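Student: Pasting a structure here, questions to come.
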There are 2 protein chains.
Amino acid sequence: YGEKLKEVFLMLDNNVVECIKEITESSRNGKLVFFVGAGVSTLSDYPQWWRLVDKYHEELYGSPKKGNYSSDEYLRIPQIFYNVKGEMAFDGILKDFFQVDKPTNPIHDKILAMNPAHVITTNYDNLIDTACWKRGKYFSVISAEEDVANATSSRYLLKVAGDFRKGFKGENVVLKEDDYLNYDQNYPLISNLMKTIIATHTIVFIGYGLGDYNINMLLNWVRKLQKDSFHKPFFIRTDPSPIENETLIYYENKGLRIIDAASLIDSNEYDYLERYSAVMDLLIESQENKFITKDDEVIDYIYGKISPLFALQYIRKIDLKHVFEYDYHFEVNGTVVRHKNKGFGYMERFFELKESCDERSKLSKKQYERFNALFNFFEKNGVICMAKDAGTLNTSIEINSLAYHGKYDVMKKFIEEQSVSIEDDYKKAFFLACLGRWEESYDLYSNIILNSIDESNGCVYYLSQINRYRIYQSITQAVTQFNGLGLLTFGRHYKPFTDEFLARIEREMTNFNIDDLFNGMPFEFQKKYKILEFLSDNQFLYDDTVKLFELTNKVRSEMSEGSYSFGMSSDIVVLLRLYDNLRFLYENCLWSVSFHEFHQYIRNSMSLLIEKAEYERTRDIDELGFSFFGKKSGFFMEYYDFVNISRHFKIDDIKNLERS
Amino acid sequence: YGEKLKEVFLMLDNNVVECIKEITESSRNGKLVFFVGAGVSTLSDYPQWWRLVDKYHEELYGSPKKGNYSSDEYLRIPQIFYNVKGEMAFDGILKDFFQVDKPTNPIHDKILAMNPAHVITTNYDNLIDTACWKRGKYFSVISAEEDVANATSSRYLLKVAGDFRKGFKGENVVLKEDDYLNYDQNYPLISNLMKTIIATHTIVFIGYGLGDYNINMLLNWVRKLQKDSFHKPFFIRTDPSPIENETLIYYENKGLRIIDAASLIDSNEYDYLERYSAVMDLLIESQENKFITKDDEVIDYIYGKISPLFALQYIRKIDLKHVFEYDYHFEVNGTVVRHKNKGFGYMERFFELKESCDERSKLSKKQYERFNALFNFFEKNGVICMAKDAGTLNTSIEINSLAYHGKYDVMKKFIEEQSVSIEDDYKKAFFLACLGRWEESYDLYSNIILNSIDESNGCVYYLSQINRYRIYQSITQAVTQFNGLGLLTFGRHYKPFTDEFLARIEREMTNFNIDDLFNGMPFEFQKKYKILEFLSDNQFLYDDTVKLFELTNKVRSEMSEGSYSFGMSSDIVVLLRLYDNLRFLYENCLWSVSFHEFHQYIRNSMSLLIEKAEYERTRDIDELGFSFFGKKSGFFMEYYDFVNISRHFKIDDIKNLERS
């Protein structure tokens with residue numbers, strides 16, 4: 001059944017494809033809003049209003065009108081019924097006719113599966129509410145006036161015509177054209193909410209007739225009154241007869257984009273289920289996994305997903321998973337594994353593009369530089385190849401930050417040099433911090449945040465804000481300890497800074513709860529650099545210490561067990577996570593490396609992993625290990641981890657590590 | 001200055017204090033918006049409208065109008081000029097006297113300080129923008145109709161009158177009466193957005209008079225259309241004269257609250273800055289611990305903070321720190337130490353009013369049973385006293401989990417008993433999951449998730465969701481290693497599980513993602529139940545184990561150094577911590593106790609305990625040791641520790657104890 005979807009996709013019109021890609025990118029930002037009504041309710045055998053009209057007709061007459069009633073008498077009959085027979089009979093008929101329990105049809109699940117932000121419906125039923133309830137998502141029900149003020153979430157459910165929730169009483173629901181005429185007089189705030197929500201986002205209609213009624217009001221307001229600054233709404237037509245070409249034109253001028261079903265799938269007249277399913281399917285299958293067929297799509301998509309992160313120096317490989325929305329696992333050694341990609345393999349196909357020599361020629365002129373750039377990105381990052389072809393995979397780390405080397409001589413010469421651009425100023429600020437000259441560096445970050453607001457995507461801005469907060473905390477704890485200890489600190493009543501700096505940072509600072517800064521940056525920022533978000537919380541390391549317990553008993557009590565791990569062993573992977581973490585922190589020049597918590601993390605990691613050479617020392621001389629591990633590869637105390645220990649160990653810690 | 005504000009607070013009417021409380025609360029939840037206006041610009045010597053109107057007059061005629069101009073010409077003259085003498089001169093004059101750059105004044109700073117989620121202005125100068133730049137709160141500038149749908153943020157800066165961003169030319173702003181008359185017919189979307197922003201938040205006015213055109217228009221709309229479900233906006237009168245009393249009644253009746261400045265401070269007429277500063281700083285004190293020192297409100301505040309937690313049978317003491325926002329350090333032995341309280345000590349007086357039985361009578365009836373409830377709660381939790389009044393404190397662990405007791409014979413009969421409540425169903429679910437019928441447990445979970453949506457305070461919603469996710473994880477790991485080993489597992493290709501249940505579980509949890517569940521929970525829930533958030537991720541098991549490693553090294557150093565420990569030594573600290581973790585986990589009935597990590601944590605902990613006991617057995621007793629801890633009492637191995645070792649150890653793990 002998916003294959004037929006592929007065929008119809010490759011047999012769509014060029015007017016369709018732009019609408020599909022528009023819809024899917026709208027979803028990707030979480031900025032899609034449906035408008036669902038009686039069309040879907042028809043599927044679930046939910047009772048239809050015309051049947052109610054016949055019940056009213058038979059209640060006030062004896063037989064139905066001979067033939068169709070009229071194009072003008074559907075509206076008035078219920079009014080007559082209420083006006084002469086009164087309210088109570090109306091209530092009773094509503095209660096008898098409407099009180100039924102039904103299940104949910106799959107179209108509802110499909111519609112919700114595209115994680116819509118807000119839903120605005122005319123369905124008198126509670127069925128869509130039930131569909132929301134089952135799928136674990138929670139939404140606010142706003143049915144009458146009092147609910148509008150008392151909002152309970154940032155996601156909304158607007159039941160325009162009212163609901164039977166509060167009771168089976170007519171006033172709560174819109175049935176009579178008196179209510180249709182005094183709609184503005186009665187329900188102003190709901191109207192304002194509808195107007196604003198339509199204006200602010202992309203709205204997709206479905207399950208609606210072309211004429212109907214509400215469509216008339218929305219188009220009459222939307223199109224004529226406003227200027228040329230709106231996003232055109234989308235509509236799904238599912239009638240049996242195809243829409244004529246000129247009808248498309250007329251509704252195009254009026255400001256709606258039609259997606260006609262009759263050109264999509266062929267069937268009989270009555271198969272409403274199939275048409276709805278097909279139309280919603282052309283959306284749902286291609287979130288973006290399956291429609292990718294030509295090798296050009298592969299490179300455009302991957303470049304779209306990676307190009308923003310070019311600004312940073314390096315991306316932590318373990319974090320790269322979030323880079324692809326949990327589609328593939330990237331292992332620290334340098335391989336890839338498919339875990340959730342249910343579509344045509346793009347990450348797989350990229351490696352074939354990498355190894356390829358001449359089939360790269362089957363490509364356009366503009367993409368070749370893109371492929372080369374991606375090549376450099378993954379080469380610098382550390383991606384090598386794919387799992388089954390992964391053989392010899394020796395790895396050497398290179399932390400290119402001159403600060404980590406501790407070559408302080410070059411740093412001062414670097415500072416006393418003319419600036420060229422903002423990023424150089426950022427490196428300048430970190431280098432000064434490495435020199436510990438905190439105050440002018442603080443004024444520097446203030447200047448950078450002041451200057452870099454006007455420029456492009458504010459990676460520099462966000463990083464500056466985070467580092468500024470960090471230096472604030474460092475100054476706080478530093479002055480706290482200094483003025484708490486007094487002259488006893490260094491045998492001198494040393495006051496490091498002046499009251500001016502203190503007062504300035506206090507009055508400027510006493511605000512700005514960091515815990516929403518990532519929520520404060522524009523949407524393309526949170527989409528494009530969601531990767532960095534983990535730096536925001538004061539919790540960022542504490543996911544790896546979890547993995548140290550791997551070697552506390554399962555590589556330590558298992559060390560007493562004497563079993564051998566084949567291939568990828570816990571000690572080496574933890575040590576590799578260690579290199580990766582230091583590289584990501586230093587080469588991106590974040591001040592968090594200075595803090596005590598990071599010091600403790602490296603302390604634990606180094607101490608626990610170095611507790612491997614003990615094992616058993618002069619043990620029961622085995623024979624199995626000689627065949628696989630002969631001529632023992634001594635754990636070399638290379639300059640990297642030696643520097644690590646030097647920078648992040650206390651002297652008493654040295655005492656314990658030698659004593660044990 | 002603080003005591004000045006305190007005495008002022010003593011002389012405030014209850015009206016003002018209630019307004020203060022509501023405003024502070026609204027600011028906390030980010031549902032506050034300000035209306036900053038022309039007067040605020042007038043502080044910073046921004047050109048007032050009157051100079052422009054008199055200039056416009058004097059271009060025409062020969063001399064400025066003698067005396068007060070008129071009640072109409074103030075609106076008439078600009079149109080006379082614009083229509084009669086030509087449009088170009090209007091833009092020329094506007095450029096001539098609307099280019100002066102002038103600095104910010106502190107009023108704007110304090111306006112931005114209080115976290116103004118949205119900003120709505122009628123000022124037509126880009127000064128507040130520069131203030132936003134310096135404070136770096138990134139905001140969306142919406143000048144004309146060309147940007148309403150192009151909002152690159154979720155925070156709005158609405159220039160209702162428009163600005164000069166696009167340039168210095170007439171139509172970009174609304175000054176003339178011709179523009180005023182066709183106000184609706186030019187910015188539909190802007191007006192609709194202004195209405196919607198007005199509706200669904202809380203509003204505070206400043207920089208406005210008492211009869212200005214815009215405010216009268218808005219209040220007209222609000223009071224004449226909206227029925228009874230709006231939040232009345234607030235106002236700050238800034239006139240150098242005491243308002244008349246009946247005016248307050250009149251304005252209140254039309255639906256607006258006045259917070260007078262004359263009733264607040266007495267200064268000279270030409271001290272506008274002082275008036276604004278005083279009124280604003282009566283808001284900046286937003287630490288709200290001085291707020292009513294009356295005895296009952298201590299109990300009311302404490303209740304408002306702790307009461308939502310009746311559902312949980314127990315809560316960890318270490319997390320209880322997170323309840324009161326860093327104010328106090330709650331220790332495992334029951335002693336509370338003030339950490340961040342910088343005002344009235346409510347907690348300090350709570351233990352005191354427990355101690356004083358006679359003083360308890362000095363309370364109203366409603367806060368008696370309430371106190372009784374607050375007596376039971378901390379009694380069951382076990383918070384004994386202040387550190388200052390800390391006497392002989394013992395800990396009798398009372399894990400009441402029948403599952404922890406491992407008494408399954410009563411468990412099975414409890415399972416097949418008629419269910420009385422959803423809470424009883426939850427306990428049945430936990431006992432079933434511990435029993436072995438995973439499919440039955442998941443079946444009961446599948447029914448309760450559907451049933452529980454009916455009620456409020458849906459904590460059980462979260463518990464069932466998380467437990468369902470973890471039990472699918474367990475099912476997946478099962479069907480992994482079970483069929484991985486095959487017949488040799490139990491001497492048969494015996495599949496306990498079939499394919500039916502697979503379909504539903506795979507669909508629902510393949511759709512689902514844990515890593516956002518609390519984010520979707522309505523805001524009332526996350527305000528009330530911030531505690532049960534670490535259960536979603538892994539970190540709750542591990543933010544304690546950092547202390548584990550911190551203490552294992554210290555104990556290992558003291559081991560060889562021969563030093564002595566005193567007071568609350570690390571052993572009892574970790575031992576208590578272990579008990580608290582276990583009791584929370586089992587009383588709350590979450591399946592997370594079934595994973596490897598909690599086990600291994602318990603192994604290392606009680607391993608450290610037994611090693612400490614083994615050393616304490618043969619430790620050399622010095623004179624001080626004999627004076628303080630004579631008659632050696634080795635760590636008694638009790639039933640609780642025995643269950644701990646018995647339940648989750650491996651033969652090698654216990655084995656290495658004997659050699660150790």
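Here's how to read the names in the structure tokens: chain A, B, ... by the order shown, residue numbers from 1 in each chain, ligand numbers from 1 in the order shown.
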Within 6 Å of residue 206 (chain B), counting only C-alpha atoms, which residues show up once you throw out same-chain ones fewer than 6 positions away? Write them as a PDB file with N, CA and C atoms, in the first residue's frame, please.

Tutor:
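The resulting selection.pdb:
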ATOM      1  N   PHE B  35       1.567  48.972  29.918  1.00  0.00           N
ATOM      2  CA  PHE B  35       1.218  49.992  28.930  1.00  0.00           C
ATOM      3  C   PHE B  35       2.036  51.237  29.250  1.00  0.00           C
ATOM      4  N   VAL B  36       3.169  51.391  28.586  1.00  0.00           N
ATOM      5  CA  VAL B  36       4.042  52.540  28.782  1.00  0.00           C
ATOM      6  C   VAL B  36       3.724  53.574  27.714  1.00  0.00           C
ATOM      7  N   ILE B 236      -2.068  53.389  37.302  1.00  0.00           N
ATOM      8  CA  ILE B 236      -1.223  54.153  38.206  1.00  0.00           C
ATOM      9  C   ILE B 236      -1.419  55.615  37.837  1.00  0.00           C
TER      10      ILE B 236
END

Student: For residue 520 (chain A), please output as a PyMOL selection string all residues within 8 Å (counting only C-alpha atoms; exclusion window: fewer than 2 positions along the same chain).

Tutor: (chain A and resi 516-518+522) or (chain B and resi 137-138+153-155)

Student: Which polymer residues have any atom within 12 Å of an atom of residue 534 (chain A), counting only C-alpha atoms, with same-chain residues fewer than 5 positions away left out, as a list in words?

Tutor: residues 316, 319, 322, 466, 515, 517, 518, 526, 529, 539, 540, 541, 542 and 543 of chain A

Student: List the neighbours of region 3-12 of chain A out to 10 Å using only C-alpha atoms; skip same-chain residues closer than 5 positions along the sequence, and give me the result as a count of residues only.

Tutor: 12

Student: Enumerate, in order of chain and increasing residue number, the residues of chain B with an atom no farther than 6 Å from chain A, each with its shortest atom pair and distance in Å to one decimal, counting only C-alpha atoms, as a Markdown table.

Tutor:
| residue | atom | partner | partner_atom | distance |
| --- | --- | --- | --- | --- |
| B:146 | CA | A:229 | CA | 5.3 |
| B:149 | CA | A:200 | CA | 4.8 |
| B:152 | CA | A:522 | CA | 5.5 |
| B:153 | CA | A:522 | CA | 4.5 |
| B:200 | CA | A:149 | CA | 5.0 |
| B:229 | CA | A:146 | CA | 5.3 |
| B:522 | CA | A:153 | CA | 5.4 |

Student: Which residues are close to residue 156 (chain B), i.e. within 8 Å by only C-alpha atoms, leaving aside same-chain residues fewer than 5 positions away? Reply as a PyMOL selection string.

Tutor: chain B and resi 117-120+139-142

Student: Mind the document's chain letters and residue numbers, and return as an MDAnalysis selection string the residues of region 331-556 of chain A that DSSP labels helix (DSSP H, G or I).

Tutor: chainID A and resid 346:355 359:361 366:381 387:389 402:405 408:415 422:434 438:451 459:488 499:509 514:520 523:528 530:535 545:551

Student: Tell me, in Å to one decimal, how far CA of residue 243 (chain A) is from CA of residue 258 (chain A).

Tutor: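 These two atoms are separated by 9.2 Å.
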
Student: List every residue of region 128-248 of chain B that DSSP, applied to the backbone, labels as strand (DSSP E), and write the result as a ChimeraX atom specification.

Tutor: /B:140-142,156-159,202-205,234-236

Student: Restricting it to N, CA and C atoms, dump the selection as a tab-separated table (two decimals), in the first residue's frame.

Tutor:
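Contents of the output file selection-v2.tsv:
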chain	number	residue	atom	x	y	z
B	140	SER	N	10.21	41.30	19.41
B	140	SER	CA	9.77	41.48	18.04
B	140	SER	C	9.16	42.87	17.87
B	141	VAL	N	9.65	43.62	16.89
B	141	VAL	CA	9.15	44.95	16.59
B	141	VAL	C	8.11	44.83	15.48
B	142	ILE	N	6.88	45.22	15.78
B	142	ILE	CA	5.77	45.15	14.85
B	142	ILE	C	5.31	46.58	14.60
B	156	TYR	N	6.25	39.87	22.26
B	156	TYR	CA	5.79	40.95	21.41
B	156	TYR	C	6.09	42.33	21.99
B	157	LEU	N	6.49	43.24	21.10
B	157	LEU	CA	6.69	44.66	21.35
B	157	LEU	C	5.77	45.40	20.38
B	158	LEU	N	4.55	45.70	20.82
B	158	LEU	CA	3.50	46.20	19.94
B	158	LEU	C	3.50	47.72	19.95
B	159	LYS	N	3.89	48.32	18.83
B	159	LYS	CA	3.84	49.76	18.62
B	159	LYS	C	2.50	50.09	17.97
B	202	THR	N	-2.83	39.93	32.31
B	202	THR	CA	-3.05	41.00	33.27
B	202	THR	C	-2.29	42.23	32.80
B	203	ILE	N	-2.83	43.41	33.11
B	203	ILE	CA	-2.40	44.65	32.48
B	203	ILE	C	-2.17	45.71	33.55
B	204	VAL	N	-1.09	46.47	33.39
B	204	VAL	CA	-0.81	47.59	34.29
B	204	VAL	C	-0.50	48.81	33.42
B	205	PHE	N	-1.11	49.94	33.75
B	205	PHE	CA	-0.96	51.15	32.96
B	205	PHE	C	0.04	52.10	33.61
B	234	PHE	N	-5.24	47.38	35.63
B	234	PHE	CA	-4.78	48.23	36.71
B	234	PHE	C	-4.27	49.55	36.16
B	235	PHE	N	-4.27	50.57	37.02
B	235	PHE	CA	-3.83	51.90	36.61
B	235	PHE	C	-2.99	52.53	37.71
B	236	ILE	N	-2.07	53.39	37.30
B	236	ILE	CA	-1.22	54.15	38.21
B	236	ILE	C	-1.42	55.61	37.84

Student: Compile the contact shell of region 390-396 of chain B as a list in words: residues with an atom at most 9 Å away, counting only C-alpha atoms, same-chain residues fewer than 4 positions apart removed.

Tutor: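 Everything that qualifies: residues 333, 334, 335, 382, 384, 385, 386 and 576 of chain B.
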
Student: Export, as a CSV table (one decimal), in the first residue's frame, the selected residues with N, CA and C atoms.

Tutor:
chain,number,residue,atom,x,y,z
B,333,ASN,N,18.8,14.1,58.9
B,333,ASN,CA,18.5,13.8,60.2
B,333,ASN,C,17.3,14.6,60.8
B,334,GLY,N,16.7,15.5,60.0
B,334,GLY,CA,15.6,16.3,60.4
B,334,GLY,C,15.8,17.7,60.8
B,335,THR,N,17.1,18.1,60.7
B,335,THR,CA,17.4,19.5,61.2
B,335,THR,C,17.4,20.4,60.0
B,382,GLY,N,9.3,13.3,59.0
B,382,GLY,CA,10.3,13.2,60.0
B,382,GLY,C,11.3,14.4,60.0
B,384,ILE,N,12.4,17.1,62.5
B,384,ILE,CA,12.3,17.1,63.9
B,384,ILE,C,12.3,18.6,64.5
B,385,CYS,N,13.4,19.3,64.3
B,385,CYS,CA,13.6,20.5,64.9
B,385,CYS,C,14.7,21.4,64.2
B,386,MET,N,14.8,22.6,64.6
B,386,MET,CA,15.9,23.5,64.2
B,386,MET,C,17.2,22.8,64.6
B,576,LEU,N,21.4,6.6,55.9
B,576,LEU,CA,20.1,7.4,55.9
B,576,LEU,C,19.7,7.7,54.4

Student: Rounded to one decimal, what separation in Å do you get between CA of residue 303 (chain B) and CA of residue 374 (chain B)?

Tutor: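 Rounded to one decimal, the two atoms are 7.8 Å apart.
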
Student: Can you tell me, as a PyMOL selection string, what residues are no more than 9 Å from residue 471 (chain B) when counting only C-alpha atoms, ignoring any on the same chain fewer than 3 positions away?

Tutor: chain B and resi 433+438+442+466-468+474-476+591-592

Student: Keeping only N, CA, C and O atoms, write those residues as a PDB file, in the first residue's frame.

Tutor:
ATOM      1  N   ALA B 433       2.994  -5.942  38.533  1.00  0.00           N
ATOM      2  CA  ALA B 433       4.257  -5.795  37.819  1.00  0.00           C
ATOM      3  C   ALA B 433       5.394  -6.443  38.594  1.00  0.00           C
ATOM      4  O   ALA B 433       6.299  -7.041  38.004  1.00  0.00           O
ATOM      5  N   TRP B 438       3.330  -9.296  33.540  1.00  0.00           N
ATOM      6  CA  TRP B 438       3.558  -7.993  32.920  1.00  0.00           C
ATOM      7  C   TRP B 438       2.410  -7.615  31.998  1.00  0.00           C
ATOM      8  O   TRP B 438       1.992  -6.454  31.962  1.00  0.00           O
ATOM      9  N   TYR B 442       0.134  -4.312  32.371  1.00  0.00           N
ATOM     10  CA  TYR B 442      -0.008  -3.329  31.304  1.00  0.00           C
ATOM     11  C   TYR B 442      -1.463  -3.186  30.891  1.00  0.00           C
ATOM     12  O   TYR B 442      -1.902  -2.098  30.517  1.00  0.00           O
ATOM     13  N   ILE B 466       4.691   7.211  33.028  1.00  0.00           N
ATOM     14  CA  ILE B 466       6.098   6.856  33.168  1.00  0.00           C
ATOM     15  C   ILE B 466       6.244   5.366  33.399  1.00  0.00           C
ATOM     16  O   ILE B 466       7.149   4.720  32.852  1.00  0.00           O
ATOM     17  N   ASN B 467       5.366   4.793  34.218  1.00  0.00           N
ATOM     18  CA  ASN B 467       5.512   3.387  34.536  1.00  0.00           C
ATOM     19  C   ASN B 467       5.250   2.542  33.297  1.00  0.00           C
ATOM     20  O   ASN B 467       5.928   1.539  33.066  1.00  0.00           O
ATOM     21  N   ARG B 468       4.286   2.963  32.476  1.00  0.00           N
ATOM     22  CA  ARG B 468       4.016   2.307  31.202  1.00  0.00           C
ATOM     23  C   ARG B 468       5.241   2.335  30.300  1.00  0.00           C
ATOM     24  O   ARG B 468       5.593   1.329  29.673  1.00  0.00           O
ATOM     25  N   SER B 474      11.140  -2.665  29.669  1.00  0.00           N
ATOM     26  CA  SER B 474      11.403  -3.986  30.230  1.00  0.00           C
ATOM     27  C   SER B 474      10.936  -5.090  29.292  1.00  0.00           C
ATOM     28  O   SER B 474      11.634  -6.092  29.108  1.00  0.00           O
ATOM     29  N   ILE B 475       9.760  -4.922  28.688  1.00  0.00           N
ATOM     30  CA  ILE B 475       9.249  -5.916  27.750  1.00  0.00           C
ATOM     31  C   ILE B 475      10.188  -6.062  26.563  1.00  0.00           C
ATOM     32  O   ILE B 475      10.454  -7.174  26.090  1.00  0.00           O
ATOM     33  N   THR B 476      10.685  -4.937  26.049  1.00  0.00           N
ATOM     34  CA  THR B 476      11.587  -4.971  24.905  1.00  0.00           C
ATOM     35  C   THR B 476      12.884  -5.690  25.248  1.00  0.00           C
ATOM     36  O   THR B 476      13.330  -6.567  24.501  1.00  0.00           O
ATOM     37  N   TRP B 591       8.053   1.601  38.873  1.00  0.00           N
ATOM     38  CA  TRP B 591       8.745   0.358  38.551  1.00  0.00           C
ATOM     39  C   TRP B 591      10.249   0.543  38.434  1.00  0.00           C
ATOM     40  O   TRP B 591      10.966  -0.449  38.279  1.00  0.00           O
ATOM     41  N   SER B 592      10.736   1.785  38.503  1.00  0.00           N
ATOM     42  CA  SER B 592      12.146   2.073  38.273  1.00  0.00           C
ATOM     43  C   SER B 592      13.065   1.297  39.199  1.00  0.00           C
ATOM     44  O   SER B 592      14.277   1.256  38.962  1.00  0.00           O
TER      45      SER B 592
END

Student: Go through A:579, A:490, A:586, A:640 and flag the residue nearest residue 403 (chain A), using only C-alpha atoms for the distances.

Tutor: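 Looking only at the distances to residue 403 (chain A), the closest residue turns out to be A:586.
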
Student: In Å, with one decimal, what is the gap from CA of residue 359 (chain A) to CA of residue 373 (chain A)?

Tutor: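 Here the two named atoms are 18.1 Å from each other.
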